[PDB]
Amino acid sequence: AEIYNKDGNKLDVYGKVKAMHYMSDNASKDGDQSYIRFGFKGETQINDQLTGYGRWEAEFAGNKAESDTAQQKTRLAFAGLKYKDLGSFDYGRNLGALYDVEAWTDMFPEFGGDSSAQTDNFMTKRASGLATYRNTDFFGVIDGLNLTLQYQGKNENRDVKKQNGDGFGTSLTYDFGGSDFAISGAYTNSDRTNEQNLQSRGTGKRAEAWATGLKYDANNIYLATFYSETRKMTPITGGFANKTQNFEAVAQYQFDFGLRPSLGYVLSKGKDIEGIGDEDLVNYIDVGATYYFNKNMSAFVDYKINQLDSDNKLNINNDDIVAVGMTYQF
């Protein structure tokens, strides 16, 4: 909600209470997982052609006792400039380049974005240390095309899963539509940090990933799907997976009254693992729906139908989960 629009500055305070319960056995555990979001975002307008902005998004736990003050964590912190027509540059906590792809099917009521996309995993989902250029429609009219170059500074304070060396990411998108249609691909080659190569699995030199996505979003239908492959990036109980192939798909329909059913499927498949062969990393069908009471209030049910087996060589968790909830947001 735009709480300030004065003298060339627009403050926008946003947020969401997601009261939310998981009923299930202990895969991604069960019981309450409600949370609150909070964020501002400014846009100061320097000149009629230039603009600057900062965005901040934190996330505060809903489910802990108040004695567990290990409760908030930030999601987005950046601030940058955008010139009329030349595009936008920014730095700070942001979204890697491959997620320009993987977002196409990250629309479930709750589950999903679960495959190749780990958070604080080099440029795959959210990420620290990112300079980002994004050009749009291409300088002089390839209208529709959209471009991103990004650099990520090394991050080796953190846990060994969470670390990375200096790297790079592109992606592009061309849109069209009598109604609406788009295709997308991205590229990452971030080298791996030294301390990480003292590990059991996926040891090596560089860490790449690439993806491709097709979407269709028109006259209330939404469909999207993408493939992705990673070489030594995805974290594995042994150590980072040598390779993986991941596939996501999504079909959703929004009724006029408010109901919005979603179907989607998530597969992540471990490959050439350094002592276990190939076990799958993620395999479930998602069935669910939210009901949009309006822009602000909503309620949902989601059902992860884990499709993974019991004899699972990486001793993962074959347990279904059913999330139910209402989401107020302003």
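Quick note: we count residues from 1 along the sequence shown, nothing fancier.
- Per-stretch averaging of Cα B factors for 156 to 164 and 75 to 83 places 156 to 164 on top.
- The mean C-alpha temperature factor is higher for 303 to 311 when 303 to 311 and 318 to 326 are set side by side.
- You'll see in the entry that, of 99, 151, 181, 138, the Cα B factor peaks at 181.
- Comparing the C-alpha B-factors of 145, 117, 131, 127 in the entry, the top value falls on 145.
- When all modelled residues of the chain are sorted by CA temperature factor, residue 169 is found within the lowest third.
- Residue 211: CA B factor in the lowest third of modelled residues in this chain (values from the PDB entry).
- Ranked by C-alpha B-factor against the other modelled residues of its chain, residue 92 falls in the lowest third.
- Sort the chain's modelled residues by C-alpha temperature factor and residue 32 lands in the lowest third, per the entry.
- In the PDB entry, residue 177 places in the highest third of its chain by CA B-factor.
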